[PDB]
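Here's the structure, in structure tokens; my notes come after.
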Amino acid sequence: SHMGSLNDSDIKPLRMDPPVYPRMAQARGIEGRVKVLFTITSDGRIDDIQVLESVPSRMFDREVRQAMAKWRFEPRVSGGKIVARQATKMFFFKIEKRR
């Protein structure tokens, strides 16, 4: 696809703090997954975040769009500028107990 990635060589990550597991889903016993599209920004942010698939529900989607709104990048060259680019991500949500 004519688009970028988080794994791009022209950049390096600064902050990547993972999404919360929503406690009400843990306490009932729900696993899931969420597939998402976004713009990586010129200021090294994430913006224009939107869903492509959500499992079993938006329960996880709401936390992912709020977590990625914290994340940050820097250019690979210290004198360089980041280009804004489209990218995608597949989140896997699963409980830390054998079943």
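Residues in the structure tokens are numbered from 1 in each chain, the chains being A, B, ... in the order shown, and ligands are numbered from 1 in the order shown.
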
Write out as a short mmCIF file (atom, residue, chain, number, x, y, z; two decimals) with N, CA and C atoms, in the first residue's frame which residues come within 12 Å of residue 54 of chain A when counting only C-alpha atoms, dropping same-chain ones fewer than 6 positions away.
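Wrote it out as part-v7.cif, contents follow:
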```
data_model
loop_
_atom_site.label_atom_id
_atom_site.label_comp_id
_atom_site.auth_asym_id
_atom_site.auth_seq_id
_atom_site.Cartn_x
_atom_site.Cartn_y
_atom_site.Cartn_z
N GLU A 31 -12.36 -11.38 26.37
CA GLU A 31 -11.26 -11.10 25.43
C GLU A 31 -11.76 -10.35 24.18
N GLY A 32 -10.85 -9.83 23.34
CA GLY A 32 -11.21 -9.10 22.12
C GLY A 32 -10.03 -8.76 21.19
N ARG A 33 -10.31 -7.92 20.18
CA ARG A 33 -9.32 -7.31 19.27
C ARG A 33 -9.89 -6.06 18.58
N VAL A 34 -9.03 -5.14 18.14
CA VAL A 34 -9.43 -3.89 17.45
C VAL A 34 -8.45 -3.50 16.35
N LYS A 35 -8.95 -3.26 15.14
CA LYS A 35 -8.16 -2.90 13.94
C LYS A 35 -8.43 -1.44 13.59
N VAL A 36 -7.37 -0.64 13.49
CA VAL A 36 -7.43 0.83 13.46
C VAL A 36 -6.53 1.47 12.40
N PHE A 60 -13.17 -1.87 23.81
CA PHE A 60 -11.73 -1.71 23.61
C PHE A 60 -11.32 -0.53 22.71
N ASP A 61 -12.10 -0.26 21.66
CA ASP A 61 -11.90 0.86 20.71
C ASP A 61 -11.74 2.24 21.37
N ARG A 62 -12.63 2.53 22.32
CA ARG A 62 -12.63 3.76 23.14
C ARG A 62 -11.32 3.96 23.92
N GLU A 63 -10.70 2.89 24.41
CA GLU A 63 -9.41 2.98 25.13
C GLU A 63 -8.22 3.14 24.18
N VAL A 64 -8.23 2.48 23.02
CA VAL A 64 -7.15 2.52 22.01
C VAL A 64 -7.01 3.94 21.46
N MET A 90 -3.24 -3.54 14.43
CA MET A 90 -4.12 -4.60 14.94
C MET A 90 -3.84 -4.86 16.43
N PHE A 91 -4.67 -4.32 17.31
CA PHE A 91 -4.67 -4.61 18.74
C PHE A 91 -5.25 -5.96 19.17
N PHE A 92 -4.51 -6.73 19.96
CA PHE A 92 -5.01 -7.95 20.61
C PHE A 92 -5.21 -7.79 22.12
N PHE A 93 -6.46 -7.80 22.57
CA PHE A 93 -6.85 -7.79 23.99
C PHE A 93 -7.16 -9.17 24.60
#
```

Using only C-alpha atoms, which protein or nucleic acid residues come within 7 Å of residue 40 of chain A? Drop anything in the same chain fewer than 4 positions from it, and give the result as a PDB file with N, CA, C and O atoms, in the first residue's frame.
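Written output follows (out.pdb):
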```
ATOM      1  N   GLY A  44       5.055  14.482  15.192  1.00  0.00           N
ATOM      2  CA  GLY A  44       5.309  13.130  15.697  1.00  0.00           C
ATOM      3  C   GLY A  44       4.177  12.549  16.548  1.00  0.00           C
ATOM      4  O   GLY A  44       4.410  11.590  17.283  1.00  0.00           O
ATOM      5  N   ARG A  45       2.976  13.140  16.501  1.00  0.00           N
ATOM      6  CA  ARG A  45       1.770  12.662  17.200  1.00  0.00           C
ATOM      7  C   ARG A  45       1.014  11.617  16.377  1.00  0.00           C
ATOM      8  O   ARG A  45       1.364  11.339  15.232  1.00  0.00           O
ATOM      9  N   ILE A  46      -0.064  11.083  16.944  1.00  0.00           N
ATOM     10  CA  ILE A  46      -1.122  10.372  16.220  1.00  0.00           C
ATOM     11  C   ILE A  46      -2.376  11.265  16.155  1.00  0.00           C
ATOM     12  O   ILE A  46      -2.738  11.916  17.140  1.00  0.00           O
ATOM     13  N   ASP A  47      -3.057  11.304  15.012  1.00  0.00           N
ATOM     14  CA  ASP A  47      -4.295  12.067  14.789  1.00  0.00           C
ATOM     15  C   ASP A  47      -5.159  11.351  13.724  1.00  0.00           C
ATOM     16  O   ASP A  47      -4.724  10.385  13.093  1.00  0.00           O
ATOM     17  N   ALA A  84       4.214  13.677   7.815  1.00  0.00           N
ATOM     18  CA  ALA A  84       2.934  13.097   8.202  1.00  0.00           C
ATOM     19  C   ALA A  84       2.503  11.997   7.217  1.00  0.00           C
ATOM     20  O   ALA A  84       2.587  12.189   5.998  1.00  0.00           O
ATOM     21  N   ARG A  85       2.034  10.850   7.721  1.00  0.00           N
ATOM     22  CA  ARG A  85       1.786   9.642   6.913  1.00  0.00           C
ATOM     23  C   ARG A  85       0.682   8.768   7.514  1.00  0.00           C
ATOM     24  O   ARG A  85       0.556   8.670   8.731  1.00  0.00           O
ATOM     25  N   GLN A  86      -0.107   8.105   6.672  1.00  0.00           N
ATOM     26  CA  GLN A  86      -1.112   7.130   7.106  1.00  0.00           C
ATOM     27  C   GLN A  86      -0.464   5.804   7.520  1.00  0.00           C
ATOM     28  O   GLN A  86       0.499   5.371   6.889  1.00  0.00           O
TER      29      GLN A  86
END
```

Atomic distance atom CA of residue 98 of chain A - atom CA of residue 24 of chain A, expressed in Å with one decimal: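 Separation of atom CA of residue 98 of chain A and atom CA of residue 24 of chain A: 18.7 Å.
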
Would you kindly return, as a VMD selection string, each protein, DNA or RNA residue with an atom no farther than 7 Å from any atom of segment 69-72 of chain A, considering only C-alpha atoms and excluding same-chain residues fewer than 3 positions away? chain A and resid 13 to 17 44 to 46 65 to 66

Expected answer as a list in words: alpha helix (DSSP H) residues in chain A: residues 23, 24, 25, 26, 27, 28, 61, 62, 63, 64, 65, 66 and 67 of chain A

Could you please take those selected residues and save N, CA, C and O atoms as a PDB file, in the first residue's frame?
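Final file, part-v6.pdb:
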```
ATOM      1  N   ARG A  23     -11.662  -2.543  33.184  1.00  0.00           N
ATOM      2  CA  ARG A  23     -11.805  -3.418  34.355  1.00  0.00           C
ATOM      3  C   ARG A  23     -13.120  -4.204  34.360  1.00  0.00           C
ATOM      4  O   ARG A  23     -13.108  -5.386  34.701  1.00  0.00           O
ATOM      5  N   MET A  24     -14.225  -3.607  33.918  1.00  0.00           N
ATOM      6  CA  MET A  24     -15.532  -4.272  33.837  1.00  0.00           C
ATOM      7  C   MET A  24     -15.525  -5.470  32.863  1.00  0.00           C
ATOM      8  O   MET A  24     -16.214  -6.463  33.106  1.00  0.00           O
ATOM      9  N   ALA A  25     -14.713  -5.420  31.799  1.00  0.00           N
ATOM     10  CA  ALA A  25     -14.537  -6.526  30.854  1.00  0.00           C
ATOM     11  C   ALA A  25     -13.651  -7.643  31.439  1.00  0.00           C
ATOM     12  O   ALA A  25     -13.942  -8.825  31.257  1.00  0.00           O
ATOM     13  N   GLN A  26     -12.607  -7.284  32.194  1.00  0.00           N
ATOM     14  CA  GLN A  26     -11.748  -8.227  32.925  1.00  0.00           C
ATOM     15  C   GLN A  26     -12.538  -8.997  33.999  1.00  0.00           C
ATOM     16  O   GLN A  26     -12.472 -10.227  34.062  1.00  0.00           O
ATOM     17  N   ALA A  27     -13.327  -8.271  34.795  1.00  0.00           N
ATOM     18  CA  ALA A  27     -14.132  -8.796  35.900  1.00  0.00           C
ATOM     19  C   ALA A  27     -15.291  -9.716  35.455  1.00  0.00           C
ATOM     20  O   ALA A  27     -15.626 -10.668  36.169  1.00  0.00           O
ATOM     21  N   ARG A  28     -15.889  -9.471  34.276  1.00  0.00           N
ATOM     22  CA  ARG A  28     -16.834 -10.388  33.629  1.00  0.00           C
ATOM     23  C   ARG A  28     -16.134 -11.561  32.927  1.00  0.00           C
ATOM     24  O   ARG A  28     -16.630 -12.688  33.001  1.00  0.00           O
ATOM     25  N   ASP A  61     -12.098  -0.256  21.658  1.00  0.00           N
ATOM     26  CA  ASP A  61     -11.900   0.859  20.712  1.00  0.00           C
ATOM     27  C   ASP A  61     -11.741   2.236  21.369  1.00  0.00           C
ATOM     28  O   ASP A  61     -10.781   2.962  21.088  1.00  0.00           O
ATOM     29  N   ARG A  62     -12.632   2.530  22.324  1.00  0.00           N
ATOM     30  CA  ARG A  62     -12.628   3.756  23.137  1.00  0.00           C
ATOM     31  C   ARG A  62     -11.324   3.961  23.920  1.00  0.00           C
ATOM     32  O   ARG A  62     -10.860   5.090  24.035  1.00  0.00           O
ATOM     33  N   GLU A  63     -10.697   2.890  24.411  1.00  0.00           N
ATOM     34  CA  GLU A  63      -9.413   2.977  25.129  1.00  0.00           C
ATOM     35  C   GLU A  63      -8.216   3.142  24.179  1.00  0.00           C
ATOM     36  O   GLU A  63      -7.291   3.897  24.486  1.00  0.00           O
ATOM     37  N   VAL A  64      -8.234   2.476  23.016  1.00  0.00           N
ATOM     38  CA  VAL A  64      -7.149   2.523  22.013  1.00  0.00           C
ATOM     39  C   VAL A  64      -7.005   3.943  21.456  1.00  0.00           C
ATOM     40  O   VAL A  64      -5.900   4.492  21.474  1.00  0.00           O
ATOM     41  N   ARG A  65      -8.105   4.586  21.031  1.00  0.00           N
ATOM     42  CA  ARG A  65      -8.067   5.956  20.476  1.00  0.00           C
ATOM     43  C   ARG A  65      -7.619   7.009  21.493  1.00  0.00           C
ATOM     44  O   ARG A  65      -7.098   8.053  21.106  1.00  0.00           O
ATOM     45  N   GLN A  66      -7.802   6.738  22.786  1.00  0.00           N
ATOM     46  CA  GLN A  66      -7.334   7.594  23.876  1.00  0.00           C
ATOM     47  C   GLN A  66      -5.870   7.309  24.274  1.00  0.00           C
ATOM     48  O   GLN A  66      -5.150   8.247  24.612  1.00  0.00           O
ATOM     49  N   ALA A  67      -5.391   6.065  24.168  1.00  0.00           N
ATOM     50  CA  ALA A  67      -3.984   5.714  24.399  1.00  0.00           C
ATOM     51  C   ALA A  67      -3.063   6.266  23.299  1.00  0.00           C
ATOM     52  O   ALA A  67      -2.081   6.950  23.585  1.00  0.00           O
TER      53      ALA A  67
END
```

Contacts of residue 78 of chain A at 12 Å (only C-alpha atoms; same-chain gap of 4+ positions) as a count of residues only: 5
